[PDB]
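**Student:** Could you have a look at this structure, given as structure tokens, before my questions?
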Amino acid sequence: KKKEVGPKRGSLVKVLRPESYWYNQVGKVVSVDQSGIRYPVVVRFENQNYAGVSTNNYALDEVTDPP
Amino acid sequence: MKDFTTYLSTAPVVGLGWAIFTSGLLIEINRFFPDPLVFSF
Amino acid sequence: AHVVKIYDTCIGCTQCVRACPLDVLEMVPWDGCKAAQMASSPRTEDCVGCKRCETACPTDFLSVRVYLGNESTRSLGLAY
Amino acid sequence: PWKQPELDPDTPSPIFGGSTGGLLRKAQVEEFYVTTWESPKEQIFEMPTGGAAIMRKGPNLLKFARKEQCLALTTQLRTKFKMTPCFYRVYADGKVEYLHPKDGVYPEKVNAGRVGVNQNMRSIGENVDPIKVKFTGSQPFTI
Amino acid sequence: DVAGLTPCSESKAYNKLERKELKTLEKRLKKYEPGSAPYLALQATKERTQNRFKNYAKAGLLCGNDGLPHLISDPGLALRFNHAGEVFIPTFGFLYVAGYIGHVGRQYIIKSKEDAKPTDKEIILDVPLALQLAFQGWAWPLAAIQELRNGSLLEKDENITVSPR
Amino acid sequence: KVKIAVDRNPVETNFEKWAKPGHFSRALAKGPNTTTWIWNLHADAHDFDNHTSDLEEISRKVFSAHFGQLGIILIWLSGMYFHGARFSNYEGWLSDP
Ligand code: CLA
Ligand code: CLA
Ligand code: CLA
Ligand SMILES: CC1=C(/C=C/C(C)=C/C=C/C(C)=C\C=C\C=C(C)\C=C\C=C(C)\C=C\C2=C(C)CCCC2(C)C)C(C)(C)CCC1
Ligand code: SF4
Ligand code: SF4
């Protein structure tokens, strides 16, 4: 399709999801799914959560630039 | 040497070094200034 | 019994079903995830609320949630 | 699976002595669970209700008072020997219910034949506050 | 003579406490021969006690009704009665040292984050870097207020991890 | 049948593993990310049954740890005897116990 449905891979993003552990945090985009799933933005974070994981899937509207 | 130095660079070892340094400083200060309470020059 | 609710953030990794010690969850076909799988709870009356499915969830927050309340013989884990 | 199997009480039990953590009075008052498997050879396994037993070369039938014990035995047999067992639930009146392989393919698979129930189609954290649902009997997660 | 209290030199209970301490030290001393190490140890203890009791007097310390010296904490009142050296100067000194600790820790936290695996630097300390930041913290309030002025001391509320409401 | 069975130099005396705190287990080998790792460093230190599945290495570690504890005990006993030798009145106590 045209361009890409999400941000550039490898670029830093800021998570706007309030219920996420990484709210107002900077992560790295691993890959963006193009099939049309609800949360295609795979973000890897430097600091793990309480569960020990460091990756999560977010939608297009909850990612911004690192300010 | 550098592996032993990085072992000495670990947090418990440098914390131990700080502990001996601060304890010895305070003990020598108390010994050579026996029981002070108020700063009077 | 307890209430097991599964949201759309699930990626269909089947970890919650493997972590379930009473066979409550299941995998149904889906289109909202890359794995084309979605967790379901057709046997929520047998769930005791052990929250083992929540430990195995890899997503941030929880894609599966267990809410306790109205304990029964099956929900209290009683052999008597 | 294609056809739901029917339990056979005449199937031989695995070689075992006496169990203390076995079926209580609830077995003759409420439902009790019964696990069946097909052992190709005789071997020693560990029951969740006590020590160790030896399964017979053929069909094997065991009885428990809790479904968690049945699934623990099922996953032990699947992880240790890849046995693929199945347990039923028998009530006091004799009603038999098929419990673990609902579609016969185990819940780890999909089979494209199960309808997903109790699935909220909104994201977690998007649920309404408890003030919004008050004096109605509906929980914020039940909508 | 503030708070209805008398100076330690002018007080009677202070001298009574000193006399009682000297009496019990002499009672402990009389059980040993003069040519023994415990005798010299007790003589040194008595000398230290006498020096401490002399230094507590003629230094502005005051005691009330028990001979135990009291400390005045309000600034101004301690300034006009020469009691600032009791707590006022030590509190400023402790604030200086605590700011030294905070500035050194902040410098080590910031300076060990622009590298791969900062947790490794956190768990295995860069000893030359730690010593360099240790000897560079003598001007902690200047750097602290300058970081406050340029805004790098505080983080904005958009880059700060925040709990849901 | 009973005989001495000894392997010659299985572990090299190097300080390269002293620099890495978490090395006995693969879970702690990835490095620390939370403070609960640090306690996990001081909790699974002597859990030799979890570090390796080989009984021989566990037995060798047990032998070495027992030797270390005997060395610690002998150090403590020697210190007790030294304190009795110098900073004590044992000779005075022998005259009138
Ligand atoms: C001989 C046995 C022994 C003992 C008693 C300890 C004890 C300790 N070590 Mg461990 N350690 C050991 C062997 C031992 N270790 C071995 C063999 C290794 C492998 C090389 C390690 C590797 C190791 C690491 C990598 C770390 C520790 C840390 C710690 C501390 C636990 C965290 C804490 O206190 O909360 C958290 C405590 C704080 C945040 C306070 C920080 C400021 C304090 C006051 C400075 C430290 C001074 C210290 C307490 C006193 C000297 C050390 C003491 C053992 C005598 C504790 C002081 C952690 C640490 O530095 O904590 C101090 C840490 O990061 N140790
Ligand atoms: C020898 C005596 C003695 C001893 C042992 C202590 C011991 C202690 N003090 Mg101190 N204190 C003393 C005397 C003493 N005090 C005196 C005489 C005063 C004057 C009134 C103070 C005033 C004081 C304050 C105001 C604070 C302490 C705090 C502390 C504790 C932690 C220090 C810390 O976090 O590490 C060193 C410090 C850091 C790692 C971080 C730096 C934080 C400092 C306080 C900021 C300094 C700059 C700041 C702008 C000055 C304004 C402070 C603000 C509150 C107005 C520690 C138990 C702190 C505490 O208990 O907080 C929970 C604290 O906030 N003390
Ligand atoms: C014959 C002696 C012996 C031996 C060889 C072992 C060996 C072992 N035990 Mg066992 N254990 C023993 C005695 C022994 N234990 C006794 C007497 C008790 C009862 C108290 C226990 C209770 C016990 C439990 C509950 C557990 C073990 C575990 C373990 C394993 C790891 C231990 C470890 O990593 O600790 C590392 C070292 C520490 C954590 C330090 C402990 C320090 C203690 C908590 C405080 C010390 C206080 C000190 C006396 C005073 C300090 C004051 C302070 C101011 C300085 C290992 C197989 C653990 C395991 O996983 O087994 C496989 C485990 O869960 N043991
Ligand atoms: C004089 C005096 C007094 C008084 C005092 C007062 C009254 C005070 C107040 C105070 C106050 C009212 C304060 C406030 C504050 C606020 C804020 C807001 C703060 C902040 C801070 C900060 C931020 C800090 C930081 C830091 C750190 C911690 C580390 C590093 C360094 C620094 C410093 C940067 C008394 C009597 C007691 C005693 C004597 C003396
Ligand atoms: S563990 Fe979580 S993400 Fe994985 S299949 Fe279950 S609900 Fe979905
Ligand atoms: S709480 Fe336990 S029994 Fe209930 S669905 Fe989760 S894992 Fe299964």
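Here's how to read the names in the structure tokens: chain A, B, ... by the order shown, residue numbers from 1 in each chain, ligand numbers from 1 in the order shown.
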Env of residue 58 in chain F: 7 Å cut, atoms = only C-alpha atoms, seq-sep filter 3 positions within chain, self excluded. Answer as a ChimeraX atom specification.
**Tutor:** /F:48-49,54-55,61-62
**Student:** Using only C-alpha atoms, I'd like every residue of chain A that has an atom within 12 Å of chain E; please write them out as a count of residues only.
**Tutor:** 20
**Student:** Could the residues of chain B within 7 Å of chain E, counting only C-alpha atoms, be given as a PyMOL selection string, please?
**Tutor:** chain B and resi 9-11+34-35+38-40
**Student:** List all protein, DNA and RNA residues that have an atom no more than 9 Å from any atom of ligand 1, counting only C-alpha atoms and all ligand atoms, and report them as a list in words.
**Tutor:**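 Those within range of ligand 1 are residues 7, 8, 10, 11, 12, 13, 14, 15, 16, 17, 18, 19 and 20 of chain B; 122, 123 and 124 of chain E; 17, 18, 19, 20, 21, 22, 35, 38, 39, 41, 42 and 45 of chain F.
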**Student:** Taking only C-alpha atoms and all ligand atoms into account, which residues are within 7 Å of ligand 4, as a list in words?
**Tutor:** residues 73, 74, 75, 87, 88, 91, 99, 102, 103, 106, 141, 144, 145 and 153 of chain E
**Student:** Enumerate, as a PyMOL selection string, the complete set of residues in chain D that a backbone-based DSSP assignment places in helix (DSSP H, G or I).
**Tutor:** chain D and resi 25-28+67-80
**Student:** Using only C-alpha atoms, find which residues of chain B lie within 6 Å of chain F and jot them down as a count of residues only.
**Tutor:** 4
**Student:** Please provide as a PDB file with N, CA, C and O atoms, in the first residue's frame all residues within 10 Å of residue 54 in chain C, with the sequence filter that same-chain residues fewer than 4 positions apart are discarded (counting only C-alpha atoms).
**Tutor:**
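Done, and the output landed in around.pdb:
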```
ATOM      1  N   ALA A  51       6.405  -7.546  35.210  1.00  0.00           N
ATOM      2  CA  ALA A  51       6.339  -8.898  34.672  1.00  0.00           C
ATOM      3  C   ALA A  51       7.639  -9.342  34.019  1.00  0.00           C
ATOM      4  O   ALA A  51       7.770 -10.523  33.679  1.00  0.00           O
TER       5      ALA A  51
ATOM      6  N   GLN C  15      -0.249 -18.604  26.057  1.00  0.00           N
ATOM      7  CA  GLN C  15       0.428 -18.815  27.331  1.00  0.00           C
ATOM      8  C   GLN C  15      -0.554 -18.904  28.492  1.00  0.00           C
ATOM      9  O   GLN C  15      -0.308 -19.648  29.449  1.00  0.00           O
ATOM     10  N   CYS C  16      -1.660 -18.160  28.425  1.00  0.00           N
ATOM     11  CA  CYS C  16      -2.645 -18.183  29.502  1.00  0.00           C
ATOM     12  C   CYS C  16      -3.337 -19.536  29.596  1.00  0.00           C
ATOM     13  O   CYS C  16      -3.645 -20.006  30.698  1.00  0.00           O
ATOM     14  N   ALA C  19      -0.897 -21.957  31.128  1.00  0.00           N
ATOM     15  CA  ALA C  19      -0.753 -21.685  32.550  1.00  0.00           C
ATOM     16  C   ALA C  19      -2.013 -21.993  33.346  1.00  0.00           C
ATOM     17  O   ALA C  19      -1.958 -21.998  34.582  1.00  0.00           O
ATOM     18  N   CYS C  20      -3.135 -22.249  32.683  1.00  0.00           N
ATOM     19  CA  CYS C  20      -4.386 -22.504  33.388  1.00  0.00           C
ATOM     20  C   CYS C  20      -4.376 -23.906  33.985  1.00  0.00           C
ATOM     21  O   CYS C  20      -4.204 -24.880  33.246  1.00  0.00           O
ATOM     22  N   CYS C  50      -7.172 -18.361  40.479  1.00  0.00           N
ATOM     23  CA  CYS C  50      -5.775 -18.496  40.873  1.00  0.00           C
ATOM     24  C   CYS C  50      -4.862 -17.470  40.215  1.00  0.00           C
ATOM     25  O   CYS C  50      -3.709 -17.341  40.640  1.00  0.00           O
ATOM     26  N   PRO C  58       2.037 -11.828  28.211  1.00  0.00           N
ATOM     27  CA  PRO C  58       3.260 -11.079  27.898  1.00  0.00           C
ATOM     28  C   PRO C  58       3.009  -9.607  27.605  1.00  0.00           C
ATOM     29  O   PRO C  58       3.939  -8.797  27.651  1.00  0.00           O
ATOM     30  N   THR C  59       1.764  -9.254  27.295  1.00  0.00           N
ATOM     31  CA  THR C  59       1.438  -7.874  26.974  1.00  0.00           C
ATOM     32  C   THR C  59       1.492  -7.004  28.224  1.00  0.00           C
ATOM     33  O   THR C  59       1.332  -7.486  29.349  1.00  0.00           O
ATOM     34  N   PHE C  61       0.125  -4.334  30.916  1.00  0.00           N
ATOM     35  CA  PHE C  61      -1.120  -4.457  31.687  1.00  0.00           C
ATOM     36  C   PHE C  61      -1.551  -5.917  31.555  1.00  0.00           C
ATOM     37  O   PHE C  61      -0.707  -6.812  31.732  1.00  0.00           O
ATOM     38  N   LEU C  62      -2.810  -6.211  31.246  1.00  0.00           N
ATOM     39  CA  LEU C  62      -3.267  -7.589  31.157  1.00  0.00           C
ATOM     40  C   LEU C  62      -4.300  -7.713  30.051  1.00  0.00           C
ATOM     41  O   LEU C  62      -5.253  -6.933  29.998  1.00  0.00           O
ATOM     42  N   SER C  63      -4.101  -8.688  29.166  1.00  0.00           N
ATOM     43  CA  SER C  63      -5.103  -9.023  28.166  1.00  0.00           C
ATOM     44  C   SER C  63      -6.181  -9.950  28.706  1.00  0.00           C
ATOM     45  O   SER C  63      -7.231 -10.090  28.071  1.00  0.00           O
ATOM     46  N   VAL C  64      -5.946 -10.578  29.855  1.00  0.00           N
ATOM     47  CA  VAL C  64      -6.929 -11.416  30.524  1.00  0.00           C
ATOM     48  C   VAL C  64      -7.024 -10.967  31.978  1.00  0.00           C
ATOM     49  O   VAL C  64      -6.008 -10.667  32.615  1.00  0.00           O
ATOM     50  N   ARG C  65      -8.251 -10.866  32.483  1.00  0.00           N
ATOM     51  CA  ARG C  65      -8.491 -10.381  33.831  1.00  0.00           C
ATOM     52  C   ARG C  65      -9.450 -11.317  34.547  1.00  0.00           C
ATOM     53  O   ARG C  65     -10.452 -11.755  33.973  1.00  0.00           O
ATOM     54  N   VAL C  66      -9.133 -11.618  35.805  1.00  0.00           N
ATOM     55  CA  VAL C  66      -9.948 -12.479  36.650  1.00  0.00           C
ATOM     56  C   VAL C  66     -10.477 -11.638  37.801  1.00  0.00           C
ATOM     57  O   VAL C  66      -9.700 -11.002  38.525  1.00  0.00           O
TER      58      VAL C  66
END
```
**Student:** Quick one: residues within 7 Å of residue 28 in chain A, only C-alpha atoms counted, chain neighbours fewer than 5 positions away excluded, as a PyMOL selection string?
**Tutor:** chain A and resi 10-13+43-45
**Student:** I need the residues from that last selection saved to file as a tab-separated table (two decimals), in the first residue's frame (with N, CA, C and O atoms), if you can.
**Tutor:**
```tsv
chain	number	residue	atom	x	y	z
A	10	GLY	N	12.75	1.44	13.95
A	10	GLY	CA	13.97	1.85	14.60
A	10	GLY	C	13.95	3.25	15.18
A	10	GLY	O	14.92	3.65	15.83
A	11	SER	N	12.88	4.00	14.96
A	11	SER	CA	12.77	5.36	15.48
A	11	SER	C	12.16	5.35	16.88
A	11	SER	O	11.34	4.49	17.21
A	12	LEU	N	12.58	6.31	17.69
A	12	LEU	CA	12.07	6.42	19.05
A	12	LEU	C	10.63	6.93	19.05
A	12	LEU	O	10.26	7.78	18.23
A	13	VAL	N	9.83	6.40	19.97
A	13	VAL	CA	8.44	6.81	20.12
A	13	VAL	C	8.13	6.99	21.60
A	13	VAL	O	8.79	6.42	22.48
A	43	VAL	N	6.83	-2.08	20.15
A	43	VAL	CA	7.80	-1.19	20.79
A	43	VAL	C	8.58	-1.99	21.82
A	43	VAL	O	7.99	-2.68	22.67
A	44	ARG	N	9.90	-1.90	21.74
A	44	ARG	CA	10.82	-2.49	22.71
A	44	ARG	C	11.33	-1.40	23.63
A	44	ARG	O	11.69	-0.31	23.18
A	45	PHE	N	11.34	-1.68	24.93
A	45	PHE	CA	11.71	-0.70	25.94
A	45	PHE	C	12.98	-1.14	26.65
A	45	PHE	O	13.23	-2.33	26.84
```
**Student:** Counting only C-alpha atoms and all ligand atoms, what are the residues, protein, DNA or RNA alike, that approach ligand 5 to within 12 Å? I want them as a VMD selection string.
**Tutor:** (chain A and resid 56 to 57) or (chain C and resid 4 to 20 24 to 30 32 to 41 51 to 66) or (chain D and resid 107 to 110 119 to 120 123 to 124)
**Student:** Please list as a PyMOL selection string every residue within 12 Å of residue 40 in chain D, counting only C-alpha atoms and excluding residues in the same chain fewer than 3 positions away.
**Tutor:** chain D and resi 37+43+55-60+81-84
**Student:** Just give me the gap between atom 7 (C, counted along the ligand's line) of ligand 3 and CA of residue 64 in chain F in Å, one decimal is fine.
**Tutor:**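 Interatomic distance, atom 7 (C, counted along the ligand's line) of ligand 3 to CA of residue 64 in chain F: 13.0 Å.
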**Student:** Which one of F:24, F:76, F:67, F:37 sits closest to chain E if you count only C-alpha atoms?
**Tutor:**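 Under the stated criterion, the closest residue is F:37.
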**Student:** Residues of chain D within 12 Å of chain A, counting only C-alpha atoms, what are they? List them as a ChimeraX atom specification.
**Tutor:** /D:121-127
**Student:** Rounded to one decimal in Å, what is the spacing between atom 2 (C, counted along the ligand's line) of ligand 2 and CA of residue 96 in chain E?
**Tutor:**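 According to the coordinates, atom 2 (C, counted along the ligand's line) of ligand 2 and CA of residue 96 in chain E are separated by 12.3 Å.
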**Student:** I need the residues in chain A that are strand (DSSP E) according to DSSP; give them as a PyMOL selection string.
**Tutor:** chain A and resi 12-15+26-32+41-44+55-58+63-64
**Student:** Atoms to include: N, CA and C atoms. Write the selected residues as a PDB file, in the first residue's frame.
**Tutor:**
```pdb
ATOM      1  N   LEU A  12      12.576   6.310  17.689  1.00  0.00           N
ATOM      2  CA  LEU A  12      12.066   6.417  19.047  1.00  0.00           C
ATOM      3  C   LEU A  12      10.631   6.930  19.046  1.00  0.00           C
ATOM      4  N   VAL A  13       9.825   6.405  19.968  1.00  0.00           N
ATOM      5  CA  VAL A  13       8.435   6.808  20.124  1.00  0.00           C
ATOM      6  C   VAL A  13       8.132   6.990  21.604  1.00  0.00           C
ATOM      7  N   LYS A  14       7.113   7.799  21.877  1.00  0.00           N
ATOM      8  CA  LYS A  14       6.621   8.033  23.227  1.00  0.00           C
ATOM      9  C   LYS A  14       5.218   7.456  23.349  1.00  0.00           C
ATOM     10  N   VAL A  15       5.010   6.609  24.352  1.00  0.00           N
ATOM     11  CA  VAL A  15       3.749   5.893  24.505  1.00  0.00           C
ATOM     12  C   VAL A  15       2.758   6.784  25.244  1.00  0.00           C
ATOM     13  N   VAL A  26      10.091   6.460  26.506  1.00  0.00           N
ATOM     14  CA  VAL A  26      10.657   6.394  25.163  1.00  0.00           C
ATOM     15  C   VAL A  26      11.025   4.950  24.852  1.00  0.00           C
ATOM     16  N   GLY A  27      10.537   4.448  23.713  1.00  0.00           N
ATOM     17  CA  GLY A  27      10.854   3.109  23.271  1.00  0.00           C
ATOM     18  C   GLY A  27      11.264   3.110  21.809  1.00  0.00           C
ATOM     19  N   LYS A  28      11.737   1.954  21.352  1.00  0.00           N
ATOM     20  CA  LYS A  28      12.220   1.785  19.987  1.00  0.00           C
ATOM     21  C   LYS A  28      11.234   0.941  19.193  1.00  0.00           C
ATOM     22  N   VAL A  29      10.897   1.396  17.992  1.00  0.00           N
ATOM     23  CA  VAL A  29       9.980   0.662  17.127  1.00  0.00           C
ATOM     24  C   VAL A  29      10.731  -0.509  16.504  1.00  0.00           C
ATOM     25  N   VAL A  30      10.223  -1.721  16.717  1.00  0.00           N
ATOM     26  CA  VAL A  30      10.831  -2.918  16.149  1.00  0.00           C
ATOM     27  C   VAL A  30      10.236  -3.167  14.772  1.00  0.00           C
ATOM     28  N   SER A  31       8.914  -3.307  14.712  1.00  0.00           N
ATOM     29  CA  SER A  31       8.224  -3.548  13.454  1.00  0.00           C
ATOM     30  C   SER A  31       6.789  -3.061  13.575  1.00  0.00           C
ATOM     31  N   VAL A  32       6.218  -2.665  12.440  1.00  0.00           N
ATOM     32  CA  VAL A  32       4.832  -2.219  12.361  1.00  0.00           C
ATOM     33  C   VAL A  32       4.093  -3.165  11.428  1.00  0.00           C
ATOM     34  N   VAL A  41       2.015  -1.478  16.231  1.00  0.00           N
ATOM     35  CA  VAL A  41       3.293  -0.854  16.571  1.00  0.00           C
ATOM     36  C   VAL A  41       3.938  -1.683  17.679  1.00  0.00           C
ATOM     37  N   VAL A  42       4.958  -2.458  17.335  1.00  0.00           N
ATOM     38  CA  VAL A  42       5.722  -3.217  18.319  1.00  0.00           C
ATOM     39  C   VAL A  42       6.830  -2.320  18.845  1.00  0.00           C
ATOM     40  N   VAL A  43       6.832  -2.078  20.153  1.00  0.00           N
ATOM     41  CA  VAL A  43       7.795  -1.192  20.793  1.00  0.00           C
ATOM     42  C   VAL A  43       8.580  -1.991  21.823  1.00  0.00           C
ATOM     43  N   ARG A  44       9.904  -1.897  21.743  1.00  0.00           N
ATOM     44  CA  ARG A  44      10.820  -2.495  22.705  1.00  0.00           C
ATOM     45  C   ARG A  44      11.327  -1.400  23.634  1.00  0.00           C
ATOM     46  N   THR A  55       8.628  -5.620  25.656  1.00  0.00           N
ATOM     47  CA  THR A  55       8.018  -5.327  24.369  1.00  0.00           C
ATOM     48  C   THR A  55       6.504  -5.286  24.517  1.00  0.00           C
ATOM     49  N   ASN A  56       5.874  -4.404  23.746  1.00  0.00           N
ATOM     50  CA  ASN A  56       4.422  -4.315  23.766  1.00  0.00           C
ATOM     51  C   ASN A  56       3.909  -3.810  22.427  1.00  0.00           C
ATOM     52  N   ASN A  57       2.646  -4.118  22.151  1.00  0.00           N
ATOM     53  CA  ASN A  57       1.980  -3.687  20.931  1.00  0.00           C
ATOM     54  C   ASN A  57       1.044  -2.528  21.243  1.00  0.00           C
ATOM     55  N   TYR A  58       1.198  -1.437  20.498  1.00  0.00           N
ATOM     56  CA  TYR A  58       0.383  -0.245  20.651  1.00  0.00           C
ATOM     57  C   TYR A  58      -0.216   0.134  19.304  1.00  0.00           C
ATOM     58  N   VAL A  63       1.223   6.735  19.960  1.00  0.00           N
ATOM     59  CA  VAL A  63       2.659   6.936  19.806  1.00  0.00           C
ATOM     60  C   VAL A  63       2.907   8.334  19.247  1.00  0.00           C
ATOM     61  N   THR A  64       3.907   9.019  19.803  1.00  0.00           N
ATOM     62  CA  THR A  64       4.327  10.331  19.322  1.00  0.00           C
ATOM     63  C   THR A  64       5.846  10.394  19.235  1.00  0.00           C
TER      64      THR A  64
END
```
**Student:** Which value, in Å to one decimal, gives the distance between CA of residue 68 in chain F and CA of residue 82 in chain F?
**Tutor:**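 Separation of CA of residue 68 in chain F and CA of residue 82 in chain F: 20.7 Å.
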**Student:** Find the residue from E:118, E:143, E:68, E:77 that sits nearest to chain F; use only C-alpha atoms when measuring.
**Tutor:**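 Using only C-alpha atoms, chain F sits closest to E:118.
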**Student:** Could you work out which residues of chain D fall inside 9 Å of chain C? Count only C-alpha atoms, and format the result as a ChimeraX atom specification.
**Tutor:** /D:22-27,30,32,64-72,75,99-100,106-125,141-142
**Student:** For C-alpha atoms, I'd like the residues from the last selection saved as a compact mmCIF listing (two decimals), in the first residue's frame.
**Tutor:**
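File selection10.txt, as written:
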```txt
# COMPACT_ATOMS: atom_id res chain seq x y z
CA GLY D 22 -8.73 -39.81 47.41
CA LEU D 23 -12.45 -39.33 46.95
CA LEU D 24 -14.32 -38.01 49.99
CA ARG D 25 -18.06 -37.97 50.73
CA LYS D 26 -18.44 -35.29 48.02
CA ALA D 27 -17.97 -38.12 45.50
CA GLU D 30 -21.75 -34.07 44.43
CA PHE D 32 -16.57 -36.40 40.85
CA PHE D 64 -10.58 -37.71 41.61
CA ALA D 65 -12.65 -35.20 43.56
CA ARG D 66 -11.29 -32.03 41.91
CA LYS D 67 -10.91 -30.94 38.30
CA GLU D 68 -7.53 -29.36 39.10
CA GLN D 69 -6.21 -32.81 40.05
CA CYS D 70 -7.50 -34.21 36.75
CA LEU D 71 -5.84 -31.47 34.69
CA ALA D 72 -2.61 -31.79 36.70
CA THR D 75 -0.55 -32.23 31.87
CA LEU D 99 -14.72 -31.65 30.06
CA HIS D 100 -11.20 -31.34 28.68
CA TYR D 106 -7.11 -29.52 23.07
CA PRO D 107 -7.49 -25.80 23.96
CA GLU D 108 -3.93 -25.01 22.81
CA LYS D 109 -5.15 -25.35 19.21
CA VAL D 110 -7.98 -23.41 17.52
CA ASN D 111 -9.83 -25.89 15.20
CA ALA D 112 -11.93 -22.99 13.76
CA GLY D 113 -15.02 -24.34 15.49
CA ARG D 114 -15.21 -22.61 18.88
CA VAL D 115 -17.17 -19.39 19.38
CA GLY D 116 -15.31 -17.00 21.67
CA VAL D 117 -17.45 -15.99 24.65
CA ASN D 118 -16.86 -13.60 27.57
CA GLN D 119 -14.57 -11.48 25.38
CA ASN D 120 -14.71 -7.73 25.91
CA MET D 121 -14.15 -5.98 22.58
CA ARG D 122 -12.72 -2.83 24.19
CA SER D 123 -9.21 -2.31 25.50
CA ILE D 124 -8.45 -2.72 29.19
CA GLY D 125 -8.49 0.62 30.97
CA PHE D 141 -16.07 -5.31 33.08
CA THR D 142 -19.32 -7.19 32.34
```
